[PDB]
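Colleague: here's my sequence, what's the structure:
(2 chains, ligands or ions: 3)
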Amino acid sequence: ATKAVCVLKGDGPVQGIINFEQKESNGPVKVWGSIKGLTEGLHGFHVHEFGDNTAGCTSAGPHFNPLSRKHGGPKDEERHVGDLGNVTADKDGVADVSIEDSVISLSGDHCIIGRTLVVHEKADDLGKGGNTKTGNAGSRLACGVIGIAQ
Amino acid sequence: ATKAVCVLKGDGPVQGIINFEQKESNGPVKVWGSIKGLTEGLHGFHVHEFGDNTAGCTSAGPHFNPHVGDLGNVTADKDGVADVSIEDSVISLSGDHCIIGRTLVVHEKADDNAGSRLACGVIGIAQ
Ligand SMILES: [Zn+2]
Ligand SMILES: [Zn+2]
Ligand SMILES: [Zn+2]
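Modeller: Numbering: from 1, shown residues only, chains lettered A, B, ... in the order given. Ligands and ions are numbered 1, 2, ... in the order given. Below you will find the coordinate block:
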């Protein structure tokens, strides 16, 4: 089983560890871990194109989008590969992450190893705001490069 | 990937940015950049197996060797700055000798034994 990990860091209190596991190349990727230092509530959660943290999260580029699709939520047909929706933080600022996604991969062209995972200031509206390429999730609070793990 | 980048950071003052470019699949990889905060002299320069920085550099695993990850030493001047310009044909940005998603580490001592891991970062896709 392929495994990966990402340590999210930023300029403030937001920090976390997110694990990834994929049992077969054609199968879903389990994403799990926690992010601390967040405001209680929803926070956008995305894989961005570049594993470039030379300017913090600012250099990560846009949402990872190898298929040139429109932004959406994870269960939407039309979505960026990197659209993992939202995570939810408790009253202590801790967001427990437990996602299973069949669009991201740890191999092939949907490959997220070496790219950047980012958690945002606000909720990602998933393109269902009722009135986007980002989901209006606000600033990039913390991020890290996704690496190969044991 | 044709280009990769790595931001090195640790618990102390060692910091830097290292670029990797491999314009041709399976071709030589150019590695360049600068690292500051080092003691004057030689410092081991290695790719470690895991891009796992959950425990800082201590979780990066062993030297990558499916040594494939051994990039020799970098040399810091009197100001603590090491300018890096290396060509390596064993590492790669694809394939079995894939270093994307692994950890680059600069060590306390020379890699003639290299001592502590002063700074490290996960190698990310840049282009
Ligand atoms: Zn984002
Ligand atoms: Zn998106
Ligand atoms: Zn080493």
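Colleague: so in terms of bridging, what pairs with the residue of chain A found nearest ligand 1?
Modeller: Closest to ligand 1 within chain A is residue A:46: 3.4 Å, counting by CB to the ion. Every residue, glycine included, has its C-beta placed from N, CA and C. Beta-bridge pairing for residue A:46 (DSSP bridges): residue A:83, residue A:118.
Colleague: what number of residues lie near it?
Modeller: Residue A:46 has 28 neighbours, counted by other CB atoms under 10 Å in any protein chain shown.
Colleague: also residue A:131?
Modeller: Residue A:131: 4 neighbours (other CB under 10 Å).
Colleague: look up how far residue B:91 lies from residue A:52.
Modeller: 19 Å (CB to CB, to the nearest Å).
Colleague: need the CA coordinates for stretch A:24-40. CSV is fine.
Modeller: These are the backbone C-alpha positions of stretch A:24-40, laid out as CSV (Å, rounded to 0.1, in the frame of the first residue of the first chain):
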residue,chain,number,x,y,z
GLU,A,24,-4.4,-0.1,-5.2
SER,A,25,-3.6,2.3,-8.0
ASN,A,26,-7.2,2.2,-9.2
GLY,A,27,-8.7,2.6,-5.7
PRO,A,28,-9.6,5.4,-3.4
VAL,A,29,-7.2,7.3,-1.2
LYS,A,30,-7.9,7.4,2.5
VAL,A,31,-7.0,10.9,4.0
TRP,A,32,-6.9,11.2,7.7
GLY,A,33,-5.3,13.2,10.5
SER,A,34,-6.0,16.5,12.3
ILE,A,35,-5.5,20.2,12.0
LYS,A,36,-5.2,22.4,15.0
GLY,A,37,-5.3,26.2,15.5
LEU,A,38,-8.4,26.8,13.4
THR,A,39,-11.5,28.8,14.1
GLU,A,40,-14.4,26.5,15.0
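Colleague: can you list the neighbours in contact with that stretch?
Modeller: If you take CB atoms under 8 Å, 6 or more residues apart in numbering or on different chains as the criterion, stretch A:24-40 is touched by A:2, A:8, A:12-22, A:43, A:84, A:87, A:89-91, A:93-102, A:104-108, A:119, A:141-142.
Colleague: residues from chain A in reach of ligand 2?
Modeller: Residues of chain A lying close to ligand 2 by CB under 5 Å from the ion are A:63, A:71, A:80, A:83.
Colleague: format the residues you listed as JSON lines; extra columns: neighbour count and secondary structure.
Modeller: Shown next, in JSON lines, are these (neighbours: other CB atoms under 10 Å in any protein chain shown; DSSP: H, G, I helix; E, B strand; the rest coil):
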{"residue": "A:63", "neighbour count": "23", "secondary structure": "strand"}
{"residue": "A:71", "neighbour count": "23", "secondary structure": "coil"}
{"residue": "A:80", "neighbour count": "26", "secondary structure": "coil"}
{"residue": "A:83", "neighbour count": "29", "secondary structure": "strand"}
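Colleague: give the residue farthest from the middle of chain A.
Modeller: residue A:131 (24.8 Å; CA atoms, centre = their mean).
Colleague: does that residue belong to a helix, a strand or coil?
Modeller: Secondary structure for residue A:131, judged by DSSP: H, G, I helix; E, B strand; the rest coil, is coil.
Colleague: if any of the contacts of stretch A:24-40 are buried, put those into a PyMOL selection.
Modeller: Buried subset of the contacts of stretch A:24-40, written as a PyMOL selection, criterion 16 or more other CB atoms under 10 Å in any protein chain shown:
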select buried, chain A and resi 2+8+14+15+16+17+18+19+20+21+22+43+84+87+89+95+97+99+101+104+105+106+119+141+142
